[PDB]
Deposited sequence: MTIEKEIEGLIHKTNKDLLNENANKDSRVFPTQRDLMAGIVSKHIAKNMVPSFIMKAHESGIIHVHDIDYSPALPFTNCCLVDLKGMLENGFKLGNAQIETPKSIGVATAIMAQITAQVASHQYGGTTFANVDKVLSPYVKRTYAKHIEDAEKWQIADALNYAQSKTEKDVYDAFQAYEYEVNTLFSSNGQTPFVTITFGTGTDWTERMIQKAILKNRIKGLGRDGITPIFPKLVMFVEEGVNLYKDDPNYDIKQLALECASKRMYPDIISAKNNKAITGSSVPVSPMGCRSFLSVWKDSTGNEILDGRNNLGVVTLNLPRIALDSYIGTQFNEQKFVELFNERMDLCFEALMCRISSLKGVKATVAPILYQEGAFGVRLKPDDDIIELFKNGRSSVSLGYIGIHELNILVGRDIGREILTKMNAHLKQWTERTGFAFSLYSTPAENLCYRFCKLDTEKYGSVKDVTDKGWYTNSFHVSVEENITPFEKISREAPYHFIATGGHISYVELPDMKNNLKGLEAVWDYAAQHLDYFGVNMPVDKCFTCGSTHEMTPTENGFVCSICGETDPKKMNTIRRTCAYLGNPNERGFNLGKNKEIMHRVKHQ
């Protein structure tokens, strides 16, 4: 919404920031950006200010040790309701100190300890008031306290989303314990109910569920009942999306399932000075997306594609992207942890820096990821006349490997969500080449490696075609399948998940999600849920 005060103030800061970037970013980078050769994301935040992008918040480390929120020294919560309330408070803090999404990974595992304190208190209350059914009481009341907790989290998020922007992601699914199972059902059931009187579909927090054999994949795993609720939820509210724990670990090289930071940014395995695999508290430093159809367009001589020209534009644009990413990483030199206490001093990034410490040292040596985005492989294939998707991407990775070796920053290939960039690249390519059949004519570029829409493909076929890209674009990727109402056909939906889980990493399903308020109309046309009526 643009007429709203919070949005107007933000555009003012954004205008000042785009102006400042103009005086800080080397001219050749800004022109390539203005012309649509590449896209420097979030130029309205960075580099005017030394913001970072998305992250996995180290909530576990914050709740167990304490942490300062303002001047107040917060202590380990003593109940589930107070721990999700604190989670919501951390969410508000983190959202205003980075410009990308914030993720709370494995809330079933992390919050589990507070469901137990809540249970214990209801047992201590079963005797103190001489309650007959002591165990079934502590069970009932605890159930209700976890439910209430996640209902309150959802409304907290909903308010932030309207008093500011805030993309937050909640992941779970690997926990088996009874506490962990209760959190999962609590999250899934609040979602199914929806928001407010008319139980509408919320756009955040995004929900992502880990599915794994032995946990909740097959009819006989401990949590198959949850997968069933999860399926009902997805049919009614689109989320959760799912991640195949199996493929996810092979891609990331990580011992435990890696939750995306924001929409789909994936970290790669990393160890601290002592051999420990750290996930939570890590972040991403920014995205610079390469316009791939445009490298191909700029390679035409007359109406003919020139292969040797392409190779030169590709190589030179790769160095250009590198230069763009480094420009912003350099904007972080000399910035102090005073810039964002919640992130650098109080534990959200998993370490404890002193006011006067430089924040950049924390991101070095593979700890933070750095993103080289891309878009439009479908349109690129068309302009070059054959399918070079897997090939061009594999080559980008080899460049990325050298960048990583030269600088120590962990560059990875990222499948840009490009909710708007999909229009912006197409429109700037069009000002130069006009309507190009099958490329710029439709008005937008297809996202990353997705098979274009307008392609009568079955779900399994689409999944089978996209799956290899998940093992290539390691920094971020997702696959979508369009499906009709699956509310009375949960086995259908499950069939697709099962296939997805087996072949790829991160997956979600787009179906219509509406209600005759006698209305609530949601669609995932690009990356987020939205009312297509707007």
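Which parts of the deposited sequence lack C-alpha coordinates in this model? Number from residue 1, please.
In the chain as deposited, 1-25, 190-191, 546-571, 588-605 carry no coordinates.
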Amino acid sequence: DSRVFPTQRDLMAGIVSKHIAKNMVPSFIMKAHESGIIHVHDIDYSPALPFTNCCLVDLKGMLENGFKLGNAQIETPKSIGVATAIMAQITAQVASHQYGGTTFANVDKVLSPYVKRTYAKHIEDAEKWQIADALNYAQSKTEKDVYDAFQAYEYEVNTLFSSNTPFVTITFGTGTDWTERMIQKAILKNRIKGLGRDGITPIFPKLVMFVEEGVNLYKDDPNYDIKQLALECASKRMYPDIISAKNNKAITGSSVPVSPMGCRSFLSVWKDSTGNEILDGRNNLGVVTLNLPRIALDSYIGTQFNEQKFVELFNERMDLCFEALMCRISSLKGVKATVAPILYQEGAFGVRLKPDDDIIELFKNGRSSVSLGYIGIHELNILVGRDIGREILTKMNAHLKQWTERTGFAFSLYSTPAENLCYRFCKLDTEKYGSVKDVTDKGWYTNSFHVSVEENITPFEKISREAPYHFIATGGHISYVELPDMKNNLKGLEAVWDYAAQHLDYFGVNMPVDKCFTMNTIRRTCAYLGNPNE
From here on, numbers count along this sequence of modelled residues.
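Superpose the two forms; the largest set of C-alphas matching within 1.5 Å is the rigid core.
172-180 versus 154-162: which one's CA atoms end up farther from this form in 4 other deposited structures of this protein after a core fit?
Farther from the shown form on average in 4 other deposited structures of this protein: 154-162.
Outlying stretch relative to shown form, 70-78 versus 194-202 in 4 other deposited structures of this protein, C-alpha RMS (core):
So, of the two stretches, the farther one in 4 other deposited structures of this protein is 70-78.
Out of 338-346 and 230-238, which stretch has the higher average CA B-factor listed in the record?
Comparing 338-346 with 230-238, the higher average CA B-factor belongs to 230-238.
Please compare 127-135 with 239-247 and say which has the higher mean C-alpha temperature factor in the record.
Looking at the record's C-alpha B-factors, the answer is 127-135.
Determine which member of 425, 363, 155, 218 has the highest CA B-factor, using the values in the deposited entry.
218 has the highest C-alpha B-factor of those listed.
Among 459, 257, 417, 100 - the residue whose C-alpha B-factor is largest in the record:
Of 459, 257, 417, 100, 459 has the highest C-alpha B-factor.
Going by the entry, which third of its chain does the Cα temperature factor of residue 56 land in?
Bottom third by C-alpha B-factor.
Within-chain third of residue 44 by Cα B-factor, per the entry
Lowest third of the chain for residue 44's C-alpha B-factor.
Going by the entry, which third of its chain does the Cα temperature factor of residue 309 land in?
Tercile = middle for this residue's CA B-factor.
Ordered by C-alpha B-factor within the chain, which third holds residue 477? Give me lowest, middle or highest, please.
Answer is lowest: the recorded C-alpha B-factor places it there.
Of the three thirds of its chain by CA temperature factor, lowest, middle or highest, which one includes residue 32?
It belongs to the lowest third of the chain when residues are ordered by C-alpha B-factor.
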